[PDB]
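# Structure of the sequence below:
(chains A, B, C and D)
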Number of protein chains: 4
Amino acid sequence: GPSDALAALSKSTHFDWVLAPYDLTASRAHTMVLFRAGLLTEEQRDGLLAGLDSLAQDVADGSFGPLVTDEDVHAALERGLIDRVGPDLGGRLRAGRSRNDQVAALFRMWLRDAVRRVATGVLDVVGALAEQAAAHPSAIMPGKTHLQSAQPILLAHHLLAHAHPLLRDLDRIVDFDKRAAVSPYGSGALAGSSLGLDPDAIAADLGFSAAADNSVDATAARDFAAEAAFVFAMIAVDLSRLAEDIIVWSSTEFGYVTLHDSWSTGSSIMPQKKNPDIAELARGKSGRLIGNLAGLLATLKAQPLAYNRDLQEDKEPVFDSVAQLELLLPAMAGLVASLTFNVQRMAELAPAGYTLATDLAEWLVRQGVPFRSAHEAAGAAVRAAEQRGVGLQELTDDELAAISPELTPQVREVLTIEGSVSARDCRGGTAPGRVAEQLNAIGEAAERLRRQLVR
Amino acid sequence: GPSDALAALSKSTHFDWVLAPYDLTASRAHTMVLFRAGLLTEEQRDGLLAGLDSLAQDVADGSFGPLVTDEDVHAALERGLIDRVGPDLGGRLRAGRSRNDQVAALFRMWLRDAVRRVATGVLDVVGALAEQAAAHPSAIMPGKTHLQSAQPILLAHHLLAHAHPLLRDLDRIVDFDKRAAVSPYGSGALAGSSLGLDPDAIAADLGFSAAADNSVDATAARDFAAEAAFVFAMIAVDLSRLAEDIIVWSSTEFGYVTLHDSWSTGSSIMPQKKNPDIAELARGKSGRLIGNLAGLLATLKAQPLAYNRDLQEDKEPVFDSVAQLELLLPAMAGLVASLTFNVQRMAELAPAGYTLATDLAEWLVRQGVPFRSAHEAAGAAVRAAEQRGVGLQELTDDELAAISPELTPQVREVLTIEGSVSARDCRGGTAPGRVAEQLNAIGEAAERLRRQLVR
Amino acid sequence: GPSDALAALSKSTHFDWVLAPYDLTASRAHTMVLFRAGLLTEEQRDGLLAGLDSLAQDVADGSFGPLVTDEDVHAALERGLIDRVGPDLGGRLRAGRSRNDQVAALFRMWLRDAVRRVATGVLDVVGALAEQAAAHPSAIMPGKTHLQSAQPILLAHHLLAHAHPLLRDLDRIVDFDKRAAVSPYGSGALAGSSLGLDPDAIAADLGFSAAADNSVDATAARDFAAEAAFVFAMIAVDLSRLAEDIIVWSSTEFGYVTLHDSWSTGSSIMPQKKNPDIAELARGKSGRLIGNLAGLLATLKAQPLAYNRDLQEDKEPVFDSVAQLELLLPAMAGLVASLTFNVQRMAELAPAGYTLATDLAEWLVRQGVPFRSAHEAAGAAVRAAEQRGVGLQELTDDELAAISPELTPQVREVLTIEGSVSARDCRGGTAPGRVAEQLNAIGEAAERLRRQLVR
Amino acid sequence: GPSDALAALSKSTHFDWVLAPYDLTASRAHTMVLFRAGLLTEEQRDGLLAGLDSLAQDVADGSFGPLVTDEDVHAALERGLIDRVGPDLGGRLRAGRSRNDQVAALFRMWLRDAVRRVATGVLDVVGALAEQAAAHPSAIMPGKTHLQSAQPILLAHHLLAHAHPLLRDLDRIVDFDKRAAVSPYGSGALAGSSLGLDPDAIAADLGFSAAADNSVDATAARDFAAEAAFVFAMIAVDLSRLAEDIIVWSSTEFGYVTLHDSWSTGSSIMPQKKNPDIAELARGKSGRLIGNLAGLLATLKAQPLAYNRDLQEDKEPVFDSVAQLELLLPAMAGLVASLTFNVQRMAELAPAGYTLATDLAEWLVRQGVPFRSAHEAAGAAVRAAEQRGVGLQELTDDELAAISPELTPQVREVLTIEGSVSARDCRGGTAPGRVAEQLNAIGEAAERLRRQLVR
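Numbering: from 1, shown residues only, chains lettered A, B, ... in the order given. Below is the structure in question.
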């Protein structure tokens, strides 16, 4: 029989044991199928279902686990069922089964559960961001481009700006699930079942939306796994953007936020020194999940039809990612929920370097003033403000007039950060009303997606 | 000004000139918007419009292109506009314009076209496959698992098994477009526009489905780029599967297909021999597109909000991925179309190695025979046949009965590759009727997607 | 204190426990250093040493392992140490120790062992290849480009062609180790130790070649791990090449090899139908390891100095890769060793399709006749042989002359695959003497690569 | 003929034209091979030499370039040669040449040059770092882990901490070149040349260190390309780290550095803003190069021997990488050299959060005082320093005596950041003497990588 190297190489129980409940459900469905085929009398159907539920309980509480001699979870569960109903009844269940459609189907079921757990996590992070946004709706911070100060924005607008990529990720999940909800059961080894089963029925009972249109493809294609891997990589990356922001904020130089004791690691001697370990692990993790994606794609590359053992490599890179997300998403959520914001710091740094010059110029542009004329007028205002070591609002009215008769005192409406953010009242702008509408639109969108994912 | 090294590093006119018609369209739309706001008189409206159509046609014909002094396509285009309507008169157009929402928007506008050219290529490959499948309604080949001869299948079933993944990728394109169809115009540099412009209308006239919900996210996020890159990599990978099958089939050892001279390379000295260079390039390319995706996701990783110069790296990997596909998709479509299938060779190899043994077992299985007994029976039948050196079919009833009385001569209905494939009449099975329904369905689905991508 | 999500996220005991022996070695050396600096009396050195040997032994036998409350291997190991020598003696070991240089050093040592193991495996595969190359010294197979029959080559030449890249990988291992052999001990957190210890001595005691030249870099940089990941991915890729060849050869259509039962999966109904599962797992895992490399590099990207928690992500990918190879390398080595070569099939296919014509053309070119002519001569020979149907060697001398006045009777020598492959008598050629010399050379090179790894 | 699609797909003249000079040197070597074979007339021979010189000058001036009908650089160059010496003197050079060793050899040579250009760039960046380090010998900044202030370090130490990885990369370059210096000339298409040439001689005249040992492997392997790709990716990542440091430093919040006008950029938002574009483009391009590496490895995966057209995809990613680095390395080197460090700001932030208390504890540990005792003492010291809002230095002698009698006034020695950094005198430590010695060692070692890369 098999050599030691081969046995050790092919063994998959350690990661694939998570497929057991799904394999059991599959065995139940196949039990009913065999009943409808005439290959199972009633006596036999009850025997098998009883054995499967007993095995299900024993798998749940932990009484049944894989042996070293077990190659995978399926061999393990057939072994257990045989141990519970004997070989004669047990062997009755193996009629009309193939492994190639089974591994694909089970991977799909598991994946459709996992993607929804991850979806829950994403909604947690979004919820934390939205809650902090609502808790701090008026705090103004310097908006950053090239990590340099641009226009002042509401803190809420920034946080929600981290919320939207995740909503997009949820959209990706919803879209992915539709391609995932296709049952390969009935495809046999590759050529299709000869048992005369009804693939639509089998598909319906196991929670799939439809049966596959092509057995060969149903058993050979793993693009659903690749798509999942991608979506998870994308979620990881967005999380890494948020993470980067929090890490930068947490620095003593920035001091935009102060970390919670429960949601960070602290120093033994330096009493108030806290490290953003959660954010950094998220950041570092994103690379990991990107790697899982690229690796999976490399594995699927140049695959001749139909099934090859290569495809057994589909699960572990996906699995891992999910695991990481299942660790990362709630953590980050808490990390976002626990943030304390130094709003005076942010309001101090928001109008620095005469940022608001921009707004001045823009105002002039709104007033029909030529664009260049407006901008050198702004430059003049800045030069005439660093004249007194003074703000732009503080500038004498004469100067507004001495630079341009177009500069009515009305401009002051945008020479303060409050007025600056209030002036941008277009859809998606950092204006209070717009940010509020955006926030509730986020609420409704989240509700729509979560509603869209129920089964 | 800028040092030579910086200028060399920042130059992008060698790849981004393909955005020119989109920048021009955006400039016309912004002319409308600015006029709507009253910041422009009619003479100017069509002054700028005339200048922009002049520039447009001179960009199409080739008269106007980037100079070495030009940094990007935008600087080039406004240099031209300035040359065509005056130096500051052209500077009027800058009113209410930022670069950050612009680069995102233009990338999107380019991408929604690129993805549809790619979609046309994919549909061409699907078309070729479907046609070869139809032109061989009865051709039977060995089904492959581990590149070993499994159950016999229709060649049509194989080719269509290469058609469905591409259909799924088309589905992915369709889904992606909904997220790509969001305009970031009005998002300014970071915070919203303060000009009182309507992002909705601007979105409508530029061909977008909606405007962005958050300015910061709209100018910072590049996940649509990552999604596009992924979809391209997926298409490339499925193409690599098709390519692998073709490279294997083209070997003298396989001889499943004979390549066309036009679509392959060969030696003058020995004319019969041909090399599947297109499939090989597809295979090698898939890795390159995978790499584009991976690299892009690494680039988007750990980006602090909002816009950073890092994001300029969003274009080139996607561009490449499109470029390559725009080369590979028709090429492949030619290859598949020009393939001559040696039907009798595949028909000959189909029942080899006593493959049909499996079918025998299955027949027994639906007669109500235990799974292991029905399989050893098959082993016995195969062993008896091997000594005789004859096919399983050319076996007298008395041996069928000496192996098992359950083996009535009826069993022979599935000992013929024709009866073998005929027996698998389940949905997505390789039975001629089911395959026919599948092919018609592939036509209807491809047509439906094609319809779904029109604007 | 720390939340459940943070504790769960931070927990690393499931993969990092393999660092325990190395940490205990580190604590040993550190104990010695501590004494000779004057920080420990000798009863305390005895105590600490004894505690560390006890803890080492119980870690080895398995009686001591990590609890669920243990965050990492270090927390566990000093938990055990404190349980074995008390908090006052154990707490005095912490003198002049920090996490950041420690973790880097431990990873380095572990990696220096792991790479060697992998090296042993690679040498095993190389050995199997050389063995088969010796066992088949005269077997001629058709050489493949584009998976198409090019010039005939010795089977030995092909197998050794698979041997050389692995030798290059071993070279990469030798080169890698030198950068790996740099102790970061004495670097502290980042600024260096203030205990007045000698980092070079500590380095020598733990098997390093030198101490780091910069503490900050020593604790921050993980380029050695990325390099390891690359060497592993390269090994995996070469293995995937070999694997591809074996998978194609094992196909019934090719029939170049027959698989061993103990080193493949097959059926018992169809006894001589065997699947090359090992090669396939190698193929997919190659993609996996590529993924690990790309991901790790993505994780190291945009890392601000010095140490970040991001770097904790350096181990799991690398680890994984090593694990994979440690399963793959013997398996492959077994597979190659177990292969049966159908020399008659390969030999029969070698001169097919007038392959040998190219050799004849080369011979004509050597005389010095025009290259176009010789080719001119050769195509002519091909069809004069085609219509008659005789092999190029079955053409009467007079016949050879009518199509070229240069074709002498002797030219027949390169018309047999033996003489043709012998004709290529140039270094690296497929001539028997040459392949023999390169085999001997492979032996010498392999056994020299081996020594440079012994410490 | 070849179809349009195939010709479009096969075209490589847009990227491979850089190989032309190498192709000419190769044609020269080949002319020598032919001369030695006596297949050429010495009059013919120098006819060919003159022709190839002419072609060389014609590539130099630019008068000769590729046409749209030319598929690759080799076709173009032989077309040119034919146009310069006639079709039958030029037709005679074709003798004994195949492209499969040609392309690999040319790629190898080009790579041996490109790797040295990159090398010079890296050395420039290192030199800039050393320059800045020497320019600031006593500057003290807050050491960072988790982007949080830890132990104070010299600015020079940080910059050099960025210098060392690049030195390692130069070492990787040195190691790589030795595997790159293996000539595949004489390997023919696959089985080796039959011309009776001396591969060693060709290898000598073309600048290689040795000739290949196996023709098949010499033509099929591309692991040199993969390794080059890796080295370039690694360099890009270290550069990404430096870049991240600078981007963060350039923030108004940090204010560690101020950017130079010629090595920085001005937003289109405000003119008084200077963004660090060079660093950001380095940061993203790092991801790009990672993508090139991963993609290349994916392409090389599952490649059956020998040459496949897949391998044509070896060049473009590698090329890309080189190009990117050739833009990045000087730029960065300028960026670093142009940096103005706000040393007083950093010095002000250095002793913050009572970080020096760490040092305090460490001092005690060095006195003979055990660990926990020392940290108890440090904690208490922080608690007093803390009540009056005073530094640990400010506290009077009596309070220190009270915390622990081991706190002789000698302790202040490390309560100043200067004495803090001066306590760390071990190799790699932030002690000025040690940092100086490190700098000198860096100088000579860099001069050693530069010596090693000169031929």
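# interface residues of the stretch 301-450 of chain A facing chain D?
Counting by Cβ under 8 Å from any Cβ of the partner chain, the residues of the stretch 301-450 of chain A close to chain D are A:301-302, A:349, A:352-355, A:357-358, A:379, A:382. (C-beta placed from N, C-alpha, C; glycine too.)
# Buried ones among the residues you listed?
Restricting those to buried positions leaves A:301-302, A:349, A:353-355, A:357-358, A:379, A:382, with burial counted as 16 or more other Cβ atoms under 10 Å in any protein chain shown.
# Now, these that are in strands?
Assigned to strands by DSSP state E, none of these qualify.
# Which ones, among those, also lie beside chain B?
Restricting these to those near chain B by Cβ under 8 Å from any Cβ leaves A:301-302.
# ok, so of the buried ones among the residues of the stretch 301-450 of chain A next to chain D, who is nearest chain C?
Using Cβ to the nearest Cβ, residue A:301 comes nearest to chain C of those, at 6.8 Å.
# which residues touch that closest one?
Taking Cβ atoms under 8 Å, 6 or more residues apart in numbering or on different chains, we find residue A:301 in contact with B:237, B:240, B:283, B:286-287, B:290, C:287, D:298, D:301-302.
# And for residue A:400?
Residue A:400 is in contact with A:381, A:407-409, A:411, counting by Cβ under 8 Å, 6+ apart.
# helix or strand for it, which one?
Assigned by DSSP states H and E, residue A:400 falls within helix A:397-403.
# got it, and residue A:141?
Per DSSP H and E, residue A:141 falls inside strand A:140-145.
# and that strand, anywhere near chain C?
No - contact of strand A:140-145 with chain C (Cβ under 8 Å from any Cβ) is absent, the minimum separation being 15.9 Å.
# My understanding was that residue A:214 contacts residue B:167; is that so?
No - with contact defined as Cβ atoms under 8 Å, residue A:214 does not reach residue B:167; the gap is 10.0 Å.
# if we can go back for a sec, remind me what the strand holding residue A:141 packs against, helices and strands.
Contacts defined by 3 or more Cβ pairs under 8 Å, 6 or more residues apart in numbering or on different chains; DSSP states H and E place strand A:140-145 against strand A:148-154, helix A:155-180, helix A:343-349, helix A:417-423.
# How far off centre is the helix or strand following the longest one?
The helix or strand immediately downstream of helix A:155-180 is strand A:182-183, counting by DSSP H and E. The chain centre lies 23 Å from the centre of strand A:182-183; the measure is Cα atoms, centre = their mean, to the nearest Å.
# So what touches the helix or strand just after strand A:182-183?
Following strand A:182-183 in sequence order, the next helix or strand is helix A:199-205 (DSSP H and E). Contacts of helix A:199-205 with the rest of the structure, by Cβ under 8 Å, 6+ apart, involve A:29-30, A:32-33, A:182-183, A:185-187, A:193, A:209-212, B:426-428.
# Domains of chain A: list them as residue ranges, please.
As given by curated CATH domains, the domain ranges for chain A are A:12-109+A:181-220, A:110-180+A:221-351+A:424-450, A:352-423.
# Can you give me the distance of the closest residue to chain B within chain A to residue A:442?
Residue nearest to chain B within chain A (Cβ to the nearest Cβ): residue A:429, separated by 2.1 Å. Residue A:429 sits 15 Å away from residue A:442, going by Cβ to Cβ, to the nearest Å.
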